[PDB]
Amino acid sequence: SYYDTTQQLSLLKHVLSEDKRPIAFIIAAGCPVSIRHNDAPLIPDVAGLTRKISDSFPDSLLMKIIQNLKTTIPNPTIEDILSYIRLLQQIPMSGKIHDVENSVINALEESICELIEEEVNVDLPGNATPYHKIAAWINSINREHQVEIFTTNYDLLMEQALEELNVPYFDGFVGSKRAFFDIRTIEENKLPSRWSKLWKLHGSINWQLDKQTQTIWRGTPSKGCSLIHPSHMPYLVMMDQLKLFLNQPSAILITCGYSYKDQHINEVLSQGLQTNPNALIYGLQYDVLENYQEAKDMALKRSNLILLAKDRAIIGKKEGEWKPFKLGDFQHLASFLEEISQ
Amino acid sequence: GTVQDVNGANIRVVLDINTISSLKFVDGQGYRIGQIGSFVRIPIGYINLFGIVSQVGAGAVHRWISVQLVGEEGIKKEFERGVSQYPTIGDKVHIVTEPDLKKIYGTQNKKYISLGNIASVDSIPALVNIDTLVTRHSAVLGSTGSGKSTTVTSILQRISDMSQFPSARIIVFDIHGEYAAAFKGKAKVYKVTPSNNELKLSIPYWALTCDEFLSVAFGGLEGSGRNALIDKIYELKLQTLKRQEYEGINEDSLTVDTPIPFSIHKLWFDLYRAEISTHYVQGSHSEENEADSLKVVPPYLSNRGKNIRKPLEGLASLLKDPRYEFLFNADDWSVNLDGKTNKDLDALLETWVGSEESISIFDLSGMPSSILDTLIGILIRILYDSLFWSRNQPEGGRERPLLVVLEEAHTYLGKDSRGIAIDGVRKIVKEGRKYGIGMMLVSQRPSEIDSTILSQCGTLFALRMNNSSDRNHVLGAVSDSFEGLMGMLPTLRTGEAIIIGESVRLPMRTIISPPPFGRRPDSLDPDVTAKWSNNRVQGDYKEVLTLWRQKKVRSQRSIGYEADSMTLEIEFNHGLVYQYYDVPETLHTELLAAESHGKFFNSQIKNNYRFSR
Amino acid sequence: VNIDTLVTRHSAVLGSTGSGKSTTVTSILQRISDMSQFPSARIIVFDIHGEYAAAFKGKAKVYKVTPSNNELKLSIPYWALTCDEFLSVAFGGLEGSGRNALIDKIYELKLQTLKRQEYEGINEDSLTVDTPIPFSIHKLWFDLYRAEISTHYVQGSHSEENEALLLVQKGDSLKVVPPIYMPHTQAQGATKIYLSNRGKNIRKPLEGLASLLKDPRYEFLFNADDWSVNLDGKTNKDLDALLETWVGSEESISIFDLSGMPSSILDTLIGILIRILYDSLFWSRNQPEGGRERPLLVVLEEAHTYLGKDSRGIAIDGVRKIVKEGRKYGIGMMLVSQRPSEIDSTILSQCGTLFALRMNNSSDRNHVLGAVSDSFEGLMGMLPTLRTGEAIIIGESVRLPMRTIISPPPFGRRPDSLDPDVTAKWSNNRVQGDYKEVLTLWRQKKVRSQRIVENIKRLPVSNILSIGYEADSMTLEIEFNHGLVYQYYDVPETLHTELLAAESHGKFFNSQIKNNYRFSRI
Amino acid sequence: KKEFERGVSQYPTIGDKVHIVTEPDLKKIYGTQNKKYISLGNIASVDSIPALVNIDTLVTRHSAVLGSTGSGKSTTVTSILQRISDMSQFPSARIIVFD
């Protein structure tokens with residue numbers, strides 16, 4: 001019927017105040033858009049980027065691609081159009097359906113990647129950002145188990161904020177000039193207690209492909225050679241580590257700004273929750289609860305996750321609502337974390 | 001948490017979870033690791049062996065706890081006392097979650113009444129059968145700072161629902177008169193000098209036994225005066241029987257304890273005229289040789305003078321004392337010079353235990369402390385005799401049981417108390433089990449009450465008790481001792497209680513649900529800071545002297561008014577009446593047109609004119 | 001379980017109030033006194049709350065205080081008591097010369113009775129105050145009360161022939177009414193009348209005895225039905241009939257229901273009964289009616305209220321004497337209590353067998369552990385977690401201390417006191433009452449109204465077991481279970497005629513007749 | 001963050017943390033917003049905290065002063081009477097002393 005916010009907040013503070021249970025973070029596009037340097041948001045989300053690409057790009061020939069995507073799929077985003085372009089470029093004689101030369105689609109893809117790389121790269125504003133506040137919270141407690149951070153974005157705000165307060169982090173790559181990716185150190189998982197690691201699921205802009213042996217590496221951000229691709233084997237390196245951490249007994253994972261639209265991530269989370277009875281994931285849904293039916297399906301099927309919104313909440317596979325939750329947004333979550341820290 | 005020991009009635013656990021200890025949540029509800037007030041559950045095959053936690057820490061040997069076994073379930077039947085097989089090593093002990101607690105705290109009987117919410121979770125009810133609460137006994141023990149009035153009044157009001165208890169009958173022997181605001185309109189009020197809406201308590205003295213008459217009126221006569229009083233009482237009873245015919249009463253079987261009125265003012269007049277007036281002619285003491293009765297004024301010396309002049313003088317002084325008005329000057333039982341009253345004692349009984357309400361509040365606040373024990377004994381004995389001698393009719397105590405609550409009983413039920421009230425209480429406790437008369441004790445110093453009388457109470461209401469003597473004395477009277485409940489006594493919040501007895505299936509340390517707003521018991525004590533904060537105004541002690549000489553509390557002097565009388569009147573809450581004098585009518589006319597009903601009053605009428613409450 | 005040691009070496013049943021010890025005791029008594037196996041059983045129960053009469057419907061005689069349908073009336077003649085117990089019951093233990101005066105009067109009355117009525121083996125030489133010889137108490141009260149108030153007509157001599165009675169009130173001996181005497185006045189002009197010069201200081205005790213005689217609560221003591229004493233000292237029956245009715249009836253179990261007795265003399269009366277039974281079974285230990293040829297068992301309920309450490313009552317002496325000496329004369333004992341910490345340790349230690357039920361607190365468990373002689377650490381740690389109806393038998397009557405489940409009693413034999421029900425009475429709609437009638441009953445000190453029909457003939461058939469009615473009085477009589485009989489007054493013929501033709505016996509009664517008509521339980 | 005009230009709610013468990021009380025917390029405990037309470041002195045530990053005592057219940061419920069003759073009970077009684085009968089705050093005080 002009615003669930004009291006105070007009890008849930010107290011339980012969250014209690015579990016966050018204990019260093020025995022390892023913690024994880026999921027930072028989707030909803031957190032980065034919550035910070036605005038100007039009146040407008042500093043970086044718009046996937047919808048904003050898709051709108052900008054559509055308004056910036058005859059235009060009818062380009063729009064035929066979105067029409068073809070909409071024929072069998074809903075309103076496509078940047079990821080959907082990128083996947084379609086990559087699939088078309090996989091087959092040499094695939095542009096005959098649209099009858100547009102043999103390299104116009106590749107030129108459009110290059111223009112799109114240049115546009116997204118130029119748009120996403122921006123310097124962080126002053127120390128009032130929630131990212132700096134979370135980084136400060138990282139050093140607050142001397143946890144014996146490092147906290148893991150998973151990001152689905154593309155920018156470099158996380159590492160900038162972390163290094164602004166001198167906290168170590170590790171993304172798999174080791175090196176100063178080429179940063180050759182290592183698999184042995186990731187598989188060994190023998191790291192010091194003070195060493196935390198930040199894992200990039202969808203890649204970053206500084207990631208580059210050296211071609212030749214198809215080896216990926218990170219370094220100075222260049223133009224063209226980017227691995228922004230969400231799904232397009234580093235991706236398995238992300239997924240197996242995430243799954244292995246989910247199955248650790250007495251593990252807690254928190255998410256913010258994630259709309260449950262990524263089916264594969266939702267499937268992985270559901271599989272991990274079913275596999276591990278001791279796992280626990282807190283979903284901080286945004287806007288209204290009705291906006292994510294997959295969240296309701298996961299809550300009904302899996303009883304190890306709790307979903308809370310600004311108006312309604314479902315705890316233990318039991319539908320309900322508050323009895324008059326600002327924590328849905330990233331700013332209030334960061335404020336909660338910092339007042340716990342003090 | 002897996003049990004690794006069986007020690008008769010206290011098992012010990014060795015938890016294997018490294019550091020769970022953080023409100024281990026199951027199915028969206030957060031259970032805690034073994035706490036003081038939590039419940040345990042050790043599964044053995046098919047039956048669920050439950051338990052209650054008593055002590056935590058090194059006191060059990062850290063990872064050892066002191067678990068106490070209470071009960072277990074049969075074949076999915078219910079919560080049963082008496083285990084089948086105490087668990088051994090190898091099985092993990094689980095906890096009683098919220099639904100499991102509901103099942104344990106669930107009852108199929110509709111006589112069970114939900115009295116509140118468990119302190120653990122505010123949803124699970126305390127199903128309490130009210131038959132046990134009224135039929136056996138009750139007792140309320142705790143410190144005054146724990147809020148005893150609130151919990152007691154809440155229990156009484158919940159017990160008295162018109163839809164749930166249409167045949168209720170509750171008598172509260174409150175001494176401070178603090179329950180008038182508690183049930184303003186749901187209970188009658190009986191005082192000595194009521195003001196607005198209360199009935200006036202009246203006690204016919206001739207309806208009591210001879211021993212009570214000797215104790216209260218005669219002051220404890222035992223020699224010649226007592227026997228003369230016996231002779232006079234027998235003669236007066238015979239004269240009353242002869243003058244007026246009483247059904248079932250004649251000159252054949254006139255007993256000493258006969259509740260038939262006899263002249264007492266005339267008796268005092270005779271006992272004064274037989275020892276005051278002088279015989280006109282010596283040798284004879286004739287009544288015609290003189291050398292009022294209702295009025296206390298009395299008119300060779302008379303040879304029939306008694307040696308009870310001092311008791312007679314005491315009786316005469318009592319007859320004029322205003323505090324004895326409710327004792328000797330009952331309205332409908334005012335004994336005429338020939339022993340004739342407008343009404344009978346059946347009218348008194350109908351007025352007391354036959355009103356249209358379910359709860360009746362009788363207050364002895366104005367009673368003198370000189371014979372209060374005898375008065376309490378008289379009231380209890382009158383109720384018991386009325387509902388026992390008429391217990392064969394459906395109007396007796398059996399067919400509509402009664403519950404009498406006695407507060408601050410440690411002064412009248414002490415270890416060495418030899419009064420008449422304690423005898424009546426013992427008689428009730430030993431006989432009313434079939435007669436269906438309930439009793440509930442209220443006190444704030446349990447260490448003084450007799451052990452055996454408290455041991456005869458069915459269910460206890462344990463509040464916060466900081467001193468350890470009270471804890472020891474209470475533990476001496478409870479036969480189901482759980483250290484989880486035995487040690488939580490001195491840290492109870494103001495409003496919580498521990499209910500242990502036959503009225504609950506399991507010992508519940510629940511929360512006394514507060515009574516609805518507007519019904520909160522509180523005696524009308526003066527406000528020290530409010531009274532002492534006002535500036536000094538001129539006084540008139542001549543009126544005080546006149547009142548003291550006259551021994552009268554009535555002076556000679558909603559916004560009402562009377563321009564001829566120049567007395568503006570403003571009324572406060574709770575039935576308070578004020579009469580501000582020397583107030584020009586224009587001021588009150590402006591006040592009636594000021595705001596609505598306030599401000600102006602405190603602004604000008606509060607501290608400028610002599611008032612009268 | 002051995003039965004010879006269970007009786008000769010005494011027993012005890014201890015448990016908590018929630019452990020259902022009553023069912024265990026009932027089952028044990030039913031099993032021991034089986035007609036098929038033990039045709040010559042002999043059991044006496046000192047029921048206090050009257051919760052055992054219900055269990056034994058027709059298997060045992062019941063001696064209550066006020067009979068209603070078929071139970072007898074308990075009656076203990078006052079002349080069967082000894083001098084000390086009689087003094088402690090009537091006068092409350094006078095210590096002055098009044099005790100000597102009363103003893104002399106008892107001796108004189110007993111001598112006169114022996115002269116009037118011949119008795120075997122008793123003469124003026126072998127007569128003691130202790131001898132149970134009937135004698136009138138009303139005559140004694142009359143004599144002693146008249147020898148203290150009445151004034152002699154002539155001064156100097158205060159003989160009975162000088163009665164200065166104003167004429168009017170001659171007075172009656174059987175009745176409590178005292179005679180009236182003229183006031184003492186030796187002044188000139190009128191006759192000189194002097195008060196009695198032999199009056200003792202026993203006016204108040206005599207007034208108390210008169211009040212006790214007039215009190216209906218002491219009918220079983222001072223108004224025995226077949227053992228009432230006339231002024232000449234003659235009774236309808238003798239003590240042999242009482243003894244035969246107590247421990248010689250055709251029923252194996254006799255139950256004394258002491259619920260309605262006064263609470264201030266219960267200890268003394270229990271001591272009286274114990275002493276009478278012990279003496280009767282001791283002085284005749286050679287005859288076939290004695291204890292040796294037919295052992296007797298005494299069951300005492302709530303033993304913690306009379307066998308305390310510092311109890312000054314009389315029952316404790318009798319209990320100690322039985323426990324110490326019944327092994328030879330064949331008199332057993334069986335103490336039942338729900339508070340072992342109150343029973344005297346020197347008494348609890350001599351009980352051969354212990355039936356330890358579930359105990360909650362620690363004091364009782366510690367006392368039981370201290371008062372045991374055969375303990376196994378495995379079983380004794382199980383005491384606070386015993387199932388309801390399960391017992392741990394320990395003592396000399398078993399080969400090994402074993403944990404048993406007592407066989408439940410047969411259906412319709414579950415003990416249950418007829419305590420009035422709170423829910424039914426409290427939930428019923430309130431009706432008008434008769435204040436005048438209850439006031440008259442209270443003044444009269446009687447429990448029977450005037451409008452009670454005498455001899456209504458009933459017919460066979462919440463449950464209804466019988467139905468009776470009358471057309472002349474128009475009063476309905478409905479008989480329920482447990483011996484309850486009700487009498488509803490002023491009922492039209494239509495209601496009960498329709499009820500007799502209804503589908504069942506009930507429901508409609510609760511629908512229309514239950515709470516509309518004034519009734520009176522008989 | 002409401003106030004300090006007598007009576008506990010949930011008892012602690014093994015392994016919990018115990019903390020020393022600092023003077024601000026002592027002020028939070030011994031400090032109250034009720035206007036009836038008046039200051040009679042300071043705590044033994046630190047003199048900053050005032051000793052707030054109810055005055056209406058002290059007068060009406062009952063009182064008592066018990067102590068040895070060498071402990072200066074007369075001075076304490078004089079101080080209490082002077083503080084209770086302050087004219088600025090209580091201009092209508094009425095006290096009778098049977099010296």
# chains A, B, ... in the order shown; residues from 1 in each chain; ligands from 1
>>> closest_atom_pairs(of="chain B", to="chain C", cutoff="6 Å", atoms="only C-alpha atoms", output="Markdown table")
| residue | atom | partner | partner_atom | distance |
| --- | --- | --- | --- | --- |
| B:8 | CA | C:381 | CA | 3.4 |
| B:9 | CA | C:384 | CA | 5.9 |
| B:82 | CA | C:387 | CA | 3.4 |
| B:83 | CA | C:385 | CA | 5.6 |
| B:131 | CA | C:422 | CA | 4.7 |
| B:165 | CA | C:427 | CA | 5.6 |
| B:166 | CA | C:427 | CA | 5.3 |
| B:167 | CA | C:426 | CA | 4.0 |
| B:168 | CA | C:426 | CA | 5.5 |
| B:258 | CA | C:443 | CA | 5.5 |
| B:259 | CA | C:443 | CA | 5.9 |
| B:346 | CA | C:435 | CA | 4.5 |
| B:389 | CA | C:442 | CA | 5.5 |
| B:390 | CA | C:438 | CA | 5.1 |
| B:392 | CA | C:521 | CA | 5.5 |
| B:393 | CA | C:520 | CA | 5.1 |
| B:395 | CA | C:433 | CA | 5.8 |
| B:398 | CA | C:420 | CA | 5.9 |
| B:399 | CA | C:425 | CA | 4.7 |
| B:400 | CA | C:425 | CA | 4.9 |
| B:434 | CA | C:419 | CA | 4.9 |
| B:479 | CA | C:361 | CA | 4.8 |
| B:480 | CA | C:360 | CA | 4.9 |
| B:481 | CA | C:361 | CA | 5.5 |
>>> select_by_dssp(residues="stretch 178-419 of chain C", states="strand (DSSP E)", output="ChimeraX atom specification")
/C:194-195,253-256,297-301,334-337,353-356,390-395,402-405
>>> residues_around(residues="residue A:270", least_positions_apart="6", cutoff="9 Å", atoms="only C-alpha atoms", output="count of residues only")
3
>>> residues_around(residues="stretch 212-221 of chain B", least_positions_apart="4", cutoff="10 Å", atoms="only C-alpha atoms", output="mmCIF file with C-alpha atoms, in the first residue's frame")
data_model
loop_
_atom_site.group_PDB
_atom_site.id
_atom_site.type_symbol
_atom_site.label_atom_id
_atom_site.label_comp_id
_atom_site.auth_asym_id
_atom_site.auth_seq_id
_atom_site.Cartn_x
_atom_site.Cartn_y
_atom_site.Cartn_z
ATOM 1 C CA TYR B 205 -24.704 4.831 56.113
ATOM 2 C CA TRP B 206 -27.579 2.672 57.388
ATOM 3 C CA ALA B 207 -27.125 0.300 54.422
ATOM 4 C CA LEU B 208 -23.687 -0.805 55.656
ATOM 5 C CA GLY B 225 -20.847 2.105 74.284
ATOM 6 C CA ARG B 226 -20.664 -0.487 71.512
ATOM 7 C CA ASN B 227 -23.221 -2.729 73.231
ATOM 8 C CA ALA B 228 -25.513 0.238 73.876
ATOM 9 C CA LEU B 229 -25.199 1.070 70.176
ATOM 10 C CA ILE B 230 -26.120 -2.534 69.344
ATOM 11 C CA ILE B 308 -19.724 7.677 75.397
ATOM 12 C CA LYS B 310 -16.748 11.825 73.474
ATOM 13 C CA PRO B 311 -17.990 9.546 70.632
ATOM 14 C CA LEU B 312 -21.342 11.358 70.735
ATOM 15 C CA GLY B 314 -17.535 13.381 67.546
ATOM 16 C CA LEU B 315 -20.711 12.194 65.828
ATOM 17 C CA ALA B 316 -22.336 15.597 66.360
ATOM 18 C CA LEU B 318 -19.311 15.027 61.911
ATOM 19 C CA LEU B 319 -23.009 15.779 61.363
ATOM 20 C CA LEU B 327 -21.914 10.626 54.141
ATOM 21 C CA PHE B 328 -24.954 11.479 56.283
ATOM 22 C CA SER B 370 -9.488 9.939 57.942
ATOM 23 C CA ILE B 371 -11.667 6.926 57.012
ATOM 24 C CA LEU B 372 -11.018 6.533 53.267
ATOM 25 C CA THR B 374 -13.377 2.079 55.247
ATOM 26 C CA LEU B 375 -15.180 3.942 52.452
ATOM 27 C CA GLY B 377 -14.165 -1.283 51.588
ATOM 28 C CA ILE B 378 -17.817 -0.260 51.880
ATOM 29 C CA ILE B 420 -11.652 -3.599 55.765
#
>>> closest_residue(among="B:268, B:173, B:532, B:31", to="chain D", atoms="only C-alpha atoms")
B:532
>>> residues_around(residues="stretch 81-86 of chain A", least_positions_apart="5", cutoff="12 Å", atoms="only C-alpha atoms", output="number ranges by chain")
A: 46, 49-50, 53-54, 62-70, 72-76, 91-92, 94-95, 98, 103-113, 116, 227-232
>>> residues_around(residues="residue B:569", least_positions_apart="2", cutoff="7 Å", atoms="only C-alpha atoms", output="list in words")
residues 559, 560, 561, 567, 571, 578, 579 and 580 of chain B
>>> atom_distance(atom1="atom CA of residue C:307", atom2="atom CA of residue C:369")
18.9 Å
>>> residues_around(residues="residue C:180", least_positions_apart="2", cutoff="10 Å", atoms="only C-alpha atoms", output="PyMOL selection string")
chain C and resi 146+149-151+163-171+177-178+182-183
>>> write_last_selection(atoms="N, CA and C atoms", output="CSV table (one decimal), in the first residue's frame")
chain,number,residue,atom,x,y,z
C,146,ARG,N,-28.1,-15.4,78.2
C,146,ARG,CA,-29.0,-15.0,79.3
C,146,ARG,C,-28.4,-14.8,80.6
C,149,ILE,N,-26.8,-10.8,80.5
C,149,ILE,CA,-27.5,-9.6,80.2
C,149,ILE,C,-28.7,-9.5,81.1
C,150,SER,N,-29.5,-10.6,81.2
C,150,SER,CA,-30.8,-10.5,82.0
C,150,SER,C,-30.5,-10.2,83.4
C,151,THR,N,-31.4,-9.3,84.0
C,151,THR,CA,-31.3,-8.8,85.3
C,151,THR,C,-32.2,-9.6,86.3
C,163,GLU,N,-36.3,-13.9,87.1
C,163,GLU,CA,-36.2,-13.3,85.8
C,163,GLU,C,-37.1,-12.0,85.8
C,164,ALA,N,-36.4,-10.8,85.7
C,164,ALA,CA,-37.1,-9.6,85.7
C,164,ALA,C,-37.4,-9.2,84.2
C,165,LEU,N,-38.4,-9.8,83.6
C,165,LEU,CA,-38.8,-9.6,82.3
C,165,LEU,C,-39.9,-8.6,82.2
C,166,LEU,N,-39.7,-7.5,81.4
C,166,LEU,CA,-40.8,-6.5,81.2
C,166,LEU,C,-41.9,-7.1,80.3
C,167,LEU,N,-43.1,-6.9,80.8
C,167,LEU,CA,-44.3,-7.3,80.0
C,167,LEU,C,-45.4,-6.3,80.1
C,168,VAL,N,-42.5,-9.7,77.9
C,168,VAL,CA,-42.9,-9.4,76.5
C,168,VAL,C,-42.2,-10.4,75.5
C,169,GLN,N,-40.9,-10.4,75.6
C,169,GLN,CA,-40.1,-11.2,74.7
C,169,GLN,C,-39.6,-12.4,75.5
C,170,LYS,N,-40.3,-13.5,75.4
C,170,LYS,CA,-39.9,-14.7,76.1
C,170,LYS,C,-38.6,-15.3,75.6
C,171,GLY,N,-38.4,-15.2,74.2
C,171,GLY,CA,-37.3,-15.7,73.6
C,171,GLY,C,-37.4,-17.2,73.2
C,177,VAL,N,-33.5,-15.3,68.6
C,177,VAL,CA,-34.1,-14.2,69.3
C,177,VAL,C,-33.7,-14.3,70.8
C,178,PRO,N,-33.2,-13.2,71.4
C,178,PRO,CA,-32.9,-13.3,72.8
C,178,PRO,C,-34.1,-12.7,73.6
C,182,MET,N,-36.1,-6.4,82.3
C,182,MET,CA,-36.3,-5.1,82.8
C,182,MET,C,-34.9,-4.5,83.2
C,183,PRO,N,-34.8,-3.2,83.0
C,183,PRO,CA,-33.5,-2.5,83.3
C,183,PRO,C,-33.3,-2.5,84.8
>>> select_by_dssp(residues="stretch 91-301 of chain C", states="helix (DSSP H, G or I)", output="ChimeraX atom specification")
/C:97-116,137-149,160-162,203-214,216-222,239-247,266-283
>>> decode(residues="stretch 323-338 of chain A", atoms="N, CA and C atoms", output="CSV table (one decimal), in the first residue's frame")
chain,number,residue,atom,x,y,z
A,323,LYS,N,4.4,7.4,0.7
A,323,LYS,CA,3.4,8.0,1.6
A,323,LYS,C,3.9,9.3,2.0
A,324,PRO,N,3.6,10.4,1.3
A,324,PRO,CA,4.0,11.8,1.6
A,324,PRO,C,3.4,12.3,2.9
A,325,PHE,N,10.9,11.2,-2.9
A,325,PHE,CA,12.1,10.5,-3.1
A,325,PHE,C,13.0,11.2,-4.2
A,326,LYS,N,13.7,12.3,-3.7
A,326,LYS,CA,14.6,13.1,-4.6
A,326,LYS,C,15.8,12.3,-5.1
A,327,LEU,N,16.1,11.2,-4.5
A,327,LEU,CA,17.4,10.5,-4.8
A,327,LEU,C,17.4,9.9,-6.2
A,328,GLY,N,16.3,10.0,-7.0
A,328,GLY,CA,16.4,9.5,-8.4
A,328,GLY,C,17.4,10.3,-9.2
A,329,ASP,N,17.5,11.6,-9.1
A,329,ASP,CA,18.4,12.4,-9.8
A,329,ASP,C,19.9,12.2,-9.3
A,330,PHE,N,20.8,12.5,-10.1
A,330,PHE,CA,22.2,12.3,-9.7
A,330,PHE,C,22.7,13.3,-8.7
A,331,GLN,N,22.2,14.5,-8.7
A,331,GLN,CA,22.6,15.5,-7.8
A,331,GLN,C,22.3,15.2,-6.4
A,332,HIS,N,21.0,14.7,-6.1
A,332,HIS,CA,20.6,14.3,-4.8
A,332,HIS,C,21.3,13.1,-4.3
A,333,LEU,N,21.6,12.2,-5.2
A,333,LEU,CA,22.4,11.0,-4.8
A,333,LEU,C,23.8,11.4,-4.4
A,334,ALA,N,24.4,12.3,-5.1
A,334,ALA,CA,25.8,12.8,-4.7
A,334,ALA,C,25.7,13.5,-3.4
A,335,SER,N,24.7,14.3,-3.2
A,335,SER,CA,24.5,15.0,-1.9
A,335,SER,C,24.3,14.0,-0.8
A,336,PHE,N,23.5,13.0,-1.0
A,336,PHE,CA,23.3,11.9,0.0
A,336,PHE,C,24.7,11.3,0.3
A,337,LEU,N,25.4,10.9,-0.7
A,337,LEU,CA,26.7,10.3,-0.5
A,337,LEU,C,27.7,11.2,0.3
A,338,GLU,N,27.7,12.5,0.0
A,338,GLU,CA,28.6,13.4,0.7
A,338,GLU,C,28.2,13.6,2.1
